[PDB]
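Only the coordinates and a few stated rules stand behind these numbers; no lab work does. Cβ coordinates were reconstructed from backbone atoms using ideal geometry, including for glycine residues, and neighbour counts include every protein chain displayed.
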Amino acid sequence: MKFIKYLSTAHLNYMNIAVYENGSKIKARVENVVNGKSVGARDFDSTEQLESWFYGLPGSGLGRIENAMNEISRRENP
Amino acid sequence: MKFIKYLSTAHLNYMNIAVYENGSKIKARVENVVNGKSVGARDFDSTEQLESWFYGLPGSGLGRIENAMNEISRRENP
Amino acid sequence: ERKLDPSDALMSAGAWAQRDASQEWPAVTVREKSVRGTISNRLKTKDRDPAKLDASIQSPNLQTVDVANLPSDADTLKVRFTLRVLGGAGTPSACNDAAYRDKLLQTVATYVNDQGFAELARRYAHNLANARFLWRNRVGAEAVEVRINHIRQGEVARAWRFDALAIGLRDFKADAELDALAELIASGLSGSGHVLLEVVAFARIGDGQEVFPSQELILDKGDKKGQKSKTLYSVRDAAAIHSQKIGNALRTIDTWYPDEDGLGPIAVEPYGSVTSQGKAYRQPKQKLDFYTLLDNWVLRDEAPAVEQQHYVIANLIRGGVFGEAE
Amino acid sequence: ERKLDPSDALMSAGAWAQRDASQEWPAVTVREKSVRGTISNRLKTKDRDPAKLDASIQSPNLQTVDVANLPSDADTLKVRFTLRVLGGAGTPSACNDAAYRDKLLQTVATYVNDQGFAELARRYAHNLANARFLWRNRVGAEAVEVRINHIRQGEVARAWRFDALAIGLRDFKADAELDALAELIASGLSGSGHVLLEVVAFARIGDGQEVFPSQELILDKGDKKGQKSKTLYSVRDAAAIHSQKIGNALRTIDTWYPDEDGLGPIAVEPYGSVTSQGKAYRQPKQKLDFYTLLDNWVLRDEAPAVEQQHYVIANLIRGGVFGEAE
RNA sequence: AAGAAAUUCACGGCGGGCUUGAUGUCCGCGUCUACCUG
């Protein structure tokens, strides 16, 4: 639903962050790129926050994708 | 905060033990003498213990400062 | 139409080897074969504190016992031999081909453009004075970085070899060449004709360099330091790790590239003052400056960002093509 | 009737070993037995800022301090020996049999079909030019991936052994062979007659390869990097782990397969430009492209999806059978 | 008071970076006494 770009060269698990927009919020549905079954997402404000807390996570380079993936998969927001 | 003397001729790392007193306990904040950023401290009883376990660490001379520094920097007490 | 690449990356053509410092005596200059390497020693220091205080908030009992004491650490300082006057720097910089043929092509149309621009700036602008920048500001031995300071005579011997045999054998005296302006030298035009035969894909070229600073006896050096990130706690003694090859003293290739990446006085501010290292954003690491800032238009990342649309840089192209050579 | 398999999977026939780089001198080329391996060294870098910055929302004082500072890090760059000119890559690629006999058979009727298609495309289309793709675009040493760039002469010695004895002993010069078009070579037809004797199940074949790039002295390499996933926090120093065998430098078999999986210029777009790695979805990892997209019909996952029903691909079968060889 | 279970098929990590700069470790010191390699 109103799909946009990824976060920077998945994979490393066949898992991806796969940010895509909603009409008001933006969902960050951590998912595969094969058959399609995701793990837990998180809904929040626009891309301007998405790059902000995405850059606000530790590690360098690919570890930001991975620590972002573990950070979203233990979600609070249903 | 209520600063007292060192432990015996830092450095060897630009790092110091830099014992200084609190109103009840005494903090041993292992730190630089330049800009100021420390590594982990340890809070315990008075100077009478500080020289006791400080002399209770192995090595001779400067190695007591160094092994005391590694002993405080892997701290238990926050 | 014809947007920029999403992820472009170019191979470092005009590559660079490591240096193995090794010490010699003059009139034994020619026989640098059994010349022994220079082991990184371990001096063991003690000092005072020349680093100033932080001026926000203090307690005055700190700084007196701060200054009075001894920061006695060990420092691995590489030192020359006892009875050796000369020096050594053995580096085969080999120049790769393909000045703008990429390594990643996130859009093939941009790759056809950039191959068109190597076709223009390699067809129209001949690389005579280009490689005269990569030679006349790297034969004047900025190769030897801090050890250039007050040499008697720092002689560079850029031998060049097909094979075990070596034909191009050019010899120099790098104290007769400045570091601010490239002056007209015939043999420097031969070597720049040879890097002309390198970057424009004519021959296998690896320039075995043997630089001989003839400074003095047991004096210090400027070998490339390592780091102390999460190793100043297990050892907690050393503070300057002069990096090593197998039993010798390195100059890391990272430092060794702005020996030869120091090309362009084509910056915004200076005229004949500063000849910095030709980089994207032209930033020198010393001065904490940003020559060619974002608000100016002498960026590498505005040279195809304007040239890939509008084809006009006009001879500041060289500081936007040499940003792509390395 | 005769639907596709619910879960099919094929063994990587035409397998591939690891490489152990080890350095040599020419005219000591033949005696590569005691040739020492090349340990992954550890350089230590100080950074710069060549990366472009964002265009959404900024403040122009950030690049003063950022472009000022040094985000310095350690990089484990594998570097050659001091006085060694040659190189080394010892890989026994052994070719398995059974070009389309599966490893999983979620429907046996589809397995009888696919064995019928190896019967057709192995009976009708002879594997002469097929293994001429797996040799004439892998003897021209795409084996050596990034270290192929500007060799003096990268010599490949594909020895072949029954046993401790070795009979098929073919020698080459891989700079005389292109990487865009396979040209007519007699000994390349011998080696492709030998992989003819491999994929069509005739003999035990393990090709001990010994590639000798004769580039230069202490220059860098292109060894296969490891990763820094959840290891850039405990150590937090290295940023490029050149992977190791026991005391040497790998080339991971993962990179080593598209040395030889680079088969087909049978893609949608190019003619004589790009000879990519013959894969399902034909995706190269460099360019972030999808040659043979879903909307085109040059997929591997449309080659039995059409051939298992209608038997017509007509010599694009090779980029739909070599997708099943590996 | 558990007893049996083909987890496997294959898989380009590369791309490029100046670590640097500067330093008093010194000061004293009884190893110690004897003894069948048969």
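Under the convention that each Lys and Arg Cβ holds +1 and each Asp and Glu Cβ holds -1, the size of the dipole of segment D:142-271 around its Cα centre is about 640 debye. When only the Cβ of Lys, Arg, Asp and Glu is charged (+1, +1, -1, -1), the dipole of segment C:52-141 relative to its Cα centre reaches about 620 debye.
For chain B, adding -39500 (n - 2.57) for each run of n ≥ 4 DSSP H residues and dividing by the number of residues yields -8000 deg cm²/dmol at 222 nm. In this assembly of identical copies, the label point of residue D:203 (Cα plus 7 Å along Cα-to-Cβ) is separated from its counterparts by 4.4 nm, sorted shortest first.
Comment: the Cα-to-Cβ extended label point of residue C:297, at 7 Å, lies 5.1 nm from its counterparts in the other copies, nearest first. Each of A:59, A:13, A:72 was placed along the dipole of chain A (beta-carbon charges, centred on the mean Cα), and the one lying farthest toward the positive end is A:13.
Relative contact order of chain C, taken over Cα pairs closer than 8 Å and 6 or more residues apart, is 24 percent. Looking down the axis that turns chain A into chain B, the chain A residue with its beta carbon nearest that axis, and the gap rounded to whole angstrom, comes out as A:74, 13. Sequentially through segment C:67-73, phi angles give Karplus couplings (6.51, -1.76, 1.60; θ = phi - 60°) of 5, 5, 8, 10, x, 8, 10 Hz, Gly and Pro residues having no value and appearing as x. Couplings 3J(HN,Hα) for segment D:80-89, derived from phi with the Karplus relation 6.51 cos²θ - 1.76 cosθ + 1.60 (θ = phi - 60°), are 6, 6, 6, 10, 10, 9, 7, x, x, 8 Hz, where x marks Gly and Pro. A Förster radius of 30 Å combined with the Cβ-Cβ distance from residue A:45 to residue C:4 puts the calculated FRET efficiency at roughly 0.60.
What separates the residue D:315 label point from its copies, with the point 7 Å along Cα to Cβ, is 5.5 nm, written shortest first. A simple rule links phi to the HN-Hα coupling: the Karplus curve 6.51 cos²θ - 1.76 cosθ + 1.60 with θ = phi - 60°, which for segment C:123-137 gives 8, 6, 6, 5, 8, 4, 6, 4, 6, 5, 6, 6, 10, 5, 10 Hz, with x for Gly and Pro.
Under 5 Å from the amide H of residue D:205 lie the amide H atoms of D:95, each residue being 5 or more positions distant or on a separate chain, with H modelled from the backbone and absent for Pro and chain starts.
Think of chain D as having a plus end and a minus end, set by charges on the Cβ of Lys, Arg, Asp and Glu; of D:296, D:203, D:21, D:21 sits farthest toward the positive end of this dipole. Near residue C:86: Cβ cut-off under 9 Å, other residues only, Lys/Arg at +1 and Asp/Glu at -1. The net charge is -2.
For residue D:44, the residues 5 or more places off, or on other chains, whose built amide H falls under 5 Å of its own are D:75. Of all DSSP-defined beta bridges confined to the protein assembly as shown, some 95% are antiparallel rather than parallel. Distances between placed amide hydrogens fall under 5 Å for residue C:24 paired with C:85, C:86, C:87, all partners being 5 or more residues away or on another chain.
Charge dipole (Cα centre; +1 on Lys/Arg Cβ, -1 on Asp/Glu Cβ; no other charges) of chain B amounts to roughly 240 debye. GNM on chain D, alpha-carbon springs under 10 angstrom: the most fluctuating residue among D:112, D:199, D:67 is D:67. When a/c reaches 1.5 or more, the comparison of a/b and b/c decides; with that in mind, is chain D rounded, prolate or oblate per its Cα gyration tensor? It is oblate, given that a/c is not under 1.5 and a/b is not larger than b/c.
Dividing the mean sequence gap of close Cα pairs (under 8 Å, 6+ apart) by how many residues chain A holds gives a relative contact order of 25 percent.
Straight-line cross-link reach from residue B:25 at under 17 Å between alpha-carbon atoms covers these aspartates and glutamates, not counting any fewer than eight positions away in the same chain: B:43, B:45, B:48, B:51, B:76. Computed packing ranks the peptides C:92-102, A:37-47, D:285-295, C:281-291 as C:92-102, C:281-291, D:285-295, A:37-47, most packed first, by mean other Cβ atoms within 10 Å.
Each part gets one Cα centre, and for segment A:31-76 versus segment C:76-110 those centres are 39 Å apart.
Taking all Cα pairs closer than 8 Å and separated by 6 or more residues, the relative contact order of segment C:205-326 comes to 15 percent. Just check segment D:1-155 against the gyration tensor rule for me: Cα atoms, a ≥ b ≥ c as the square roots of the eigenvalues, rounded for a/c under 1.5, and otherwise prolate or oblate depending on whether a/b exceeds b/c. Since a/c reaches 1.5 but b/c is at least a/b, the shape of segment D:1-155 is classed as oblate. What does the C-alpha gyration tensor say about the overall shape of chain A? Classify as rounded when a/c is under 1.5, otherwise prolate if a/b is larger than b/c, or oblate. Rounded shape, in that the Cα axes give a/c under 1.5. Per-residue shielding of D:40-51, expressed as the average number of other chain Cβ atoms within 10 Å of the residue Cβ, stands at 6. In chain C, helical runs assigned H by DSSP with n ≥ 4 each contribute -39500 (n - 2.57); averaged across all residues and rounded to the nearest 500, the mean residue ellipticity at 222 nm is -6500 deg cm²/dmol. For residue D:279, the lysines whose Cα falls under 27 Å of its own Cα, not counting residues fewer than eight places away in the same chain, are A:5, A:37, C:103, D:3, D:103, D:221, D:224, D:225, D:228, D:287.
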